[PDB]
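Read the structure below first, then the notes.
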Amino acid sequence: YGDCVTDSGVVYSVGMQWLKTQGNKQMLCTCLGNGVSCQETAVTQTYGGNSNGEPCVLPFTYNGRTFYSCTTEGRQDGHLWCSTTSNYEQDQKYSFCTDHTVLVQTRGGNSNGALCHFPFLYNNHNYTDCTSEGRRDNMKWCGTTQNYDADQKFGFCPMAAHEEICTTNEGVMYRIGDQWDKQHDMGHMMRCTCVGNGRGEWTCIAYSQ
Ligand SMILES: *[C@@H]1O[C@H](CO)[C@@H](O)[C@H](O)[C@H]1NC(C)=O
């Protein structure tokens with residue numbers, strides 16, 4: 001009885017959830033505190049729209065905000081929808097959603113990539129979406145348990161592909177396609193490119209001496 005420990009050695013608190021991939025299927029794993037339980041995840045059905053059924057692209061940005069699942073935002077009739085690109089302004093295609101399943105995989109923080117738990121409780125308030133509250137930074141984060149005040153387990157919410165970020169070792173933030181360069185006498189030179197791939201990924205080229 002206690003927190004879960006994956007085969008890989010990763011550690012999840014009781015009541016946390018994460019995503020595991022078994023074969024061609026995506027599983028939703030929960031820590032029972034008695035063990036674990038994984039269940040196939042549902043794929044949100046898309047229909048109609050100007051995409052004509054094109055699958056969601058999550059997260060995506062609309063109206064200068066980031067959405068981690070379908071929304072009724074901007075709809076008068078309360079339909080659920082999702083853009084079919086990470087950037088709904090540049091491009092402008094969307095489609096309708098049948099269900100409102102919400103799975104937000106975090107990165108960084110102290111929750112080993114658990115899902116956002118909604119709602120989570122911070123400063124005695126229940127949040128049904130990621131937030132920047134308490135952050136001078138303005139990065140979006142979610143509680144990975146139902147109560148942050150008590151548990152204090154958090155993660156960083158995703159960013160639309162086009163808005164992804166790579167952070168330098170010293171901490172500076174770069175966007176996709178940006179290049180980071182370090183020069184050490186030319187004897188050693190290294191250039192890195194911010195690819196992101198959801199994981200703030202760098203791909204680098206270096207020479208030796
Ligand atoms: C937050 O949600 C939890 C769910 O268990 C509930 O117990 C609590 O009353 C809620 N607090 C607020 C601010 O509504």
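How things are named: the first chain in the structure tokens is A, the next is B, and so on; residues count from 1 in each chain; ligands count from 1 in the order shown.
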Could I get the residue neighbourhood of ligand 1 at 12 Å, counting only C-alpha atoms and all ligand atoms, as a list in words?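 The residues near ligand 1 are residues 117, 118, 119, 120, 121, 122, 123, 124, 125, 126, 127, 128, 145, 146, 147, 148 and 149 of chain A.
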Those selected residues, please, written with N, CA, C and O atoms and delivered as a compact mmCIF listing (two decimals), in the first residue's frame.
# COMPACT_ATOMS: atom_id res chain seq x y z
N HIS A 117 -5.00 16.80 -13.24
CA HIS A 117 -6.21 16.37 -12.57
C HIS A 117 -7.21 17.51 -12.46
O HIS A 117 -6.95 18.51 -11.79
N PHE A 118 -8.36 17.36 -13.10
CA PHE A 118 -9.39 18.39 -13.01
C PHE A 118 -10.62 17.89 -12.26
O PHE A 118 -11.13 16.81 -12.54
N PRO A 119 -11.08 18.68 -11.28
CA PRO A 119 -10.45 19.93 -10.90
C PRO A 119 -9.37 19.72 -9.84
O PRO A 119 -9.46 18.76 -9.06
N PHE A 120 -8.38 20.61 -9.81
CA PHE A 120 -7.41 20.61 -8.72
C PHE A 120 -7.59 21.85 -7.85
O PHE A 120 -8.07 22.88 -8.32
N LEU A 121 -7.23 21.74 -6.58
CA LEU A 121 -7.48 22.81 -5.63
C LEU A 121 -6.21 23.58 -5.27
O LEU A 121 -5.26 23.02 -4.71
N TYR A 122 -6.20 24.86 -5.59
CA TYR A 122 -5.08 25.73 -5.27
C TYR A 122 -5.59 26.99 -4.60
O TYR A 122 -6.62 27.54 -5.00
N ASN A 123 -4.88 27.45 -3.58
CA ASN A 123 -5.31 28.60 -2.79
C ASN A 123 -6.80 28.55 -2.51
O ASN A 123 -7.49 29.57 -2.58
N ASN A 124 -7.29 27.35 -2.22
CA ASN A 124 -8.67 27.15 -1.85
C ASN A 124 -9.63 27.47 -2.99
O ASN A 124 -10.74 27.96 -2.77
N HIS A 125 -9.20 27.20 -4.22
CA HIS A 125 -10.07 27.38 -5.37
C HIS A 125 -9.89 26.23 -6.34
O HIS A 125 -8.78 25.73 -6.52
N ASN A 126 -10.99 25.80 -6.95
CA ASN A 126 -10.97 24.66 -7.87
C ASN A 126 -10.81 25.08 -9.32
O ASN A 126 -11.66 25.78 -9.87
N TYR A 127 -9.73 24.64 -9.94
CA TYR A 127 -9.44 25.00 -11.32
C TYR A 127 -9.80 23.87 -12.26
O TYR A 127 -9.40 22.72 -12.06
N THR A 128 -10.56 24.20 -13.30
CA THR A 128 -10.99 23.22 -14.28
C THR A 128 -10.16 23.33 -15.55
O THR A 128 -10.47 22.72 -16.57
N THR A 145 -2.99 16.17 -8.74
CA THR A 145 -3.95 15.52 -7.86
C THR A 145 -5.15 16.43 -7.75
O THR A 145 -5.17 17.52 -8.32
N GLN A 146 -6.17 16.00 -7.02
CA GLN A 146 -7.38 16.80 -6.92
C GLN A 146 -7.16 17.97 -5.97
O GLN A 146 -7.93 18.93 -5.97
N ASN A 147 -6.10 17.89 -5.18
CA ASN A 147 -5.79 18.96 -4.24
C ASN A 147 -4.31 19.29 -4.25
O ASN A 147 -3.48 18.51 -3.79
N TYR A 148 -3.97 20.47 -4.78
CA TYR A 148 -2.59 20.90 -4.83
C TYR A 148 -2.14 21.43 -3.48
O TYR A 148 -1.04 21.12 -3.02
N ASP A 149 -2.99 22.23 -2.85
CA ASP A 149 -2.68 22.79 -1.54
C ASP A 149 -2.13 21.71 -0.61
O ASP A 149 -1.15 21.94 0.09
Polymer residues at most 8 Å from region 157-167 of chain A, only C-alpha atoms, same-chain spacing of 4 or more positions, as a PyMOL selection string: chain A and resi 58-61+66+68+86-87+104-107+116+130+139-142+171-176+194-198+200-202
Same residues, N, CA and C atoms, output as a compact mmCIF listing (two decimals), in the first residue's frame:
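What follows is the written file again_13.txt:
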# COMPACT_ATOMS: atom_id res chain seq x y z
N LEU A 58 -4.37 18.65 -30.68
CA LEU A 58 -4.27 19.16 -29.32
C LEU A 58 -2.83 19.16 -28.84
N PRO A 59 -2.43 20.24 -28.14
CA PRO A 59 -3.28 21.41 -27.93
C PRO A 59 -3.28 22.28 -29.16
N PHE A 60 -4.15 23.28 -29.18
CA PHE A 60 -4.18 24.23 -30.27
C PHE A 60 -4.47 25.60 -29.69
N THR A 61 -4.17 26.65 -30.44
CA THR A 61 -4.43 28.01 -29.98
C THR A 61 -5.55 28.66 -30.77
N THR A 66 -4.70 28.74 -25.30
CA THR A 66 -4.37 27.36 -25.65
C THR A 66 -5.43 26.38 -25.13
N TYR A 68 -6.75 22.41 -24.68
CA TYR A 68 -6.23 21.06 -24.52
C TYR A 68 -7.27 20.00 -24.87
N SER A 86 -2.41 23.19 -34.95
CA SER A 86 -2.05 23.74 -33.65
C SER A 86 -2.40 25.22 -33.60
N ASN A 87 -2.41 25.86 -34.77
CA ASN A 87 -2.69 27.29 -34.87
C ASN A 87 -3.93 27.54 -35.72
N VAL A 104 -4.81 15.83 -20.29
CA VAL A 104 -3.74 16.81 -20.44
C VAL A 104 -2.44 16.30 -19.84
N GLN A 105 -1.52 15.88 -20.70
CA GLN A 105 -0.25 15.34 -20.22
C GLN A 105 0.75 16.44 -19.90
N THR A 106 1.22 16.46 -18.65
CA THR A 106 2.14 17.49 -18.20
C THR A 106 3.59 17.14 -18.54
N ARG A 107 4.45 18.15 -18.44
CA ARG A 107 5.88 17.97 -18.64
C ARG A 107 6.60 18.75 -17.55
N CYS A 116 -3.01 16.21 -16.02
CA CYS A 116 -3.66 17.22 -15.21
C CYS A 116 -4.85 16.58 -14.54
N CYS A 130 -5.78 24.47 -16.87
CA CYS A 130 -4.43 24.89 -16.50
C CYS A 130 -4.45 26.38 -16.19
N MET A 139 3.72 30.65 -17.48
CA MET A 139 3.62 29.30 -18.01
C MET A 139 2.37 28.65 -17.43
N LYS A 140 1.72 27.80 -18.22
CA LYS A 140 0.52 27.12 -17.74
C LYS A 140 0.86 25.83 -17.00
N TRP A 141 0.27 25.66 -15.83
CA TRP A 141 0.52 24.47 -15.03
C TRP A 141 -0.78 23.98 -14.44
N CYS A 142 -0.81 22.69 -14.13
CA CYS A 142 -1.98 22.07 -13.54
C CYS A 142 -1.57 21.24 -12.33
N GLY A 171 18.78 28.29 -18.82
CA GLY A 171 17.38 28.57 -18.53
C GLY A 171 16.60 29.38 -19.55
N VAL A 172 17.29 30.01 -20.49
CA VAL A 172 16.64 30.85 -21.49
C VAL A 172 15.67 30.05 -22.37
N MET A 173 14.60 30.71 -22.83
CA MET A 173 13.58 30.03 -23.62
C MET A 173 13.66 30.36 -25.11
N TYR A 174 13.63 29.33 -25.94
CA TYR A 174 13.68 29.49 -27.39
C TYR A 174 12.43 28.86 -28.00
N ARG A 175 12.02 29.36 -29.16
CA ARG A 175 10.88 28.80 -29.86
C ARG A 175 11.32 27.87 -30.98
N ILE A 176 10.35 27.19 -31.59
CA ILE A 176 10.64 26.21 -32.62
C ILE A 176 11.37 26.85 -33.80
N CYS A 194 15.96 24.30 -31.90
CA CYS A 194 14.80 23.98 -31.08
C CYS A 194 13.74 23.25 -31.90
N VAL A 195 13.73 21.93 -31.79
CA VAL A 195 12.72 21.14 -32.49
C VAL A 195 11.48 20.97 -31.63
N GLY A 196 11.68 20.80 -30.32
CA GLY A 196 10.57 20.69 -29.40
C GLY A 196 10.03 19.27 -29.25
N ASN A 197 9.33 18.80 -30.28
CA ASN A 197 8.68 17.49 -30.24
C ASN A 197 7.89 17.24 -28.97
N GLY A 198 7.32 18.30 -28.42
CA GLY A 198 6.55 18.21 -27.20
C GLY A 198 7.43 18.16 -25.97
N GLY A 200 10.42 19.74 -25.50
CA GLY A 200 11.37 20.83 -25.44
C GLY A 200 12.69 20.40 -26.04
N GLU A 201 12.60 19.58 -27.08
CA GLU A 201 13.75 18.89 -27.65
C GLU A 201 14.71 19.76 -28.46
N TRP A 202 15.99 19.49 -28.27
CA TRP A 202 17.06 20.11 -29.04
C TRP A 202 17.70 19.07 -29.95
Contact residues around residue 85 (chain A) with only C-alpha atoms at 8 Å, ignoring same-chain residues under 6 positions, as a PDB file with N, CA and C atoms, in the first residue's frame:
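selection.pdb written:
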ATOM      1  N   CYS A  56      -8.792  15.971 -34.216  1.00  0.00           N
ATOM      2  CA  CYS A  56      -8.335  17.130 -33.462  1.00  0.00           C
ATOM      3  C   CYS A  56      -6.815  17.261 -33.471  1.00  0.00           C
ATOM      4  N   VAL A  57      -6.336  18.479 -33.263  1.00  0.00           N
ATOM      5  CA  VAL A  57      -4.921  18.694 -33.027  1.00  0.00           C
ATOM      6  C   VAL A  57      -4.772  19.408 -31.695  1.00  0.00           C
ATOM      7  N   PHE A  60      -4.151  23.278 -29.182  1.00  0.00           N
ATOM      8  CA  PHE A  60      -4.179  24.234 -30.271  1.00  0.00           C
ATOM      9  C   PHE A  60      -4.475  25.604 -29.687  1.00  0.00           C
ATOM     10  N   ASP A  91      -3.682  28.967 -39.976  1.00  0.00           N
ATOM     11  CA  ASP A  91      -4.627  28.120 -40.673  1.00  0.00           C
ATOM     12  C   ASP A  91      -5.946  28.464 -40.025  1.00  0.00           C
ATOM     13  N   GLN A  92      -7.052  27.953 -40.543  1.00  0.00           N
ATOM     14  CA  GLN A  92      -8.334  28.251 -39.917  1.00  0.00           C
ATOM     15  C   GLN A  92      -9.358  27.147 -40.144  1.00  0.00           C
ATOM     16  N   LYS A  93      -8.923  25.908 -39.951  1.00  0.00           N
ATOM     17  CA  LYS A  93      -9.807  24.764 -40.111  1.00  0.00           C
ATOM     18  C   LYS A  93     -10.130  24.105 -38.773  1.00  0.00           C
ATOM     19  N   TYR A  94     -11.327  23.539 -38.688  1.00  0.00           N
ATOM     20  CA  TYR A  94     -11.836  22.979 -37.448  1.00  0.00           C
ATOM     21  C   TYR A  94     -12.785  21.833 -37.764  1.00  0.00           C
TER      22      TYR A  94
END
Quick one: pull the distance between CA of residue 102 (chain A) and CA of residue 156 (chain A), Å, one decimal.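 That distance, rounded to one decimal, is 15.6 Å.
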Could you tell me, as a PyMOL selection string, which residues of region 15-180 of chain A DSSP assigns to strand (DSSP E) when given the backbone? chain A and resi 17-22+25-31+36-40+46-47+60-62+65-67+80-83+94-97+120-122+125-127+141-143+154-156+165-167+173-175+179-180
Between CA of residue 63 (chain A) and CA of residue 88 (chain A), measure the distance and give it in Å to one decimal. 8.5 Å
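In the backbone-derived DSSP annotation, helix (DSSP H, G or I) within region 30-197 of chain A comprises residues 148, 149, 150, 151, 161, 162 and 163 of chain A.
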Output the selection as a compact mmCIF listing (two decimals), in the first residue's frame - C-alpha atoms for each residue.
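What ended up in part31.txt:
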# COMPACT_ATOMS: atom_id res chain seq x y z
CA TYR A 148 -2.59 20.90 -4.83
CA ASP A 149 -2.68 22.79 -1.54
CA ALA A 150 -2.36 19.44 0.23
CA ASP A 151 -0.41 17.32 -2.24
CA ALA A 161 3.07 22.72 -31.64
CA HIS A 162 3.72 26.10 -33.27
CA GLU A 163 4.11 27.63 -29.78
Restricting the calculation to only C-alpha atoms: of A:69, A:98, A:193, A:37, which residue gets closest to residue 53 (chain A)? A:98
Could you jot down the CA of residue 31 (chain A) to CA of residue 15 (chain A) separation for me, Å, one decimal place?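 Atom-to-atom, CA of residue 31 (chain A) to CA of residue 15 (chain A), that is 5.1 Å.
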Quick one: residues within 9 Å of residue 186 (chain A), only C-alpha atoms counted, chain neighbours fewer than 4 positions away excluded, as a count of residues only? 3
Within 8 Å of residue 95 (chain A), counting only C-alpha atoms, which residues show up once you throw out same-chain ones fewer than 5 positions away? Write them as an MDAnalysis selection string, please. chainID A and resid 46:56 81:84
For residue 12 (chain A), which residue out of A:153, A:136, A:184, A:79 is the nearest one, using only C-alpha atoms?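 Of the candidates, the smallest distance to residue 12 (chain A) is held by A:153.
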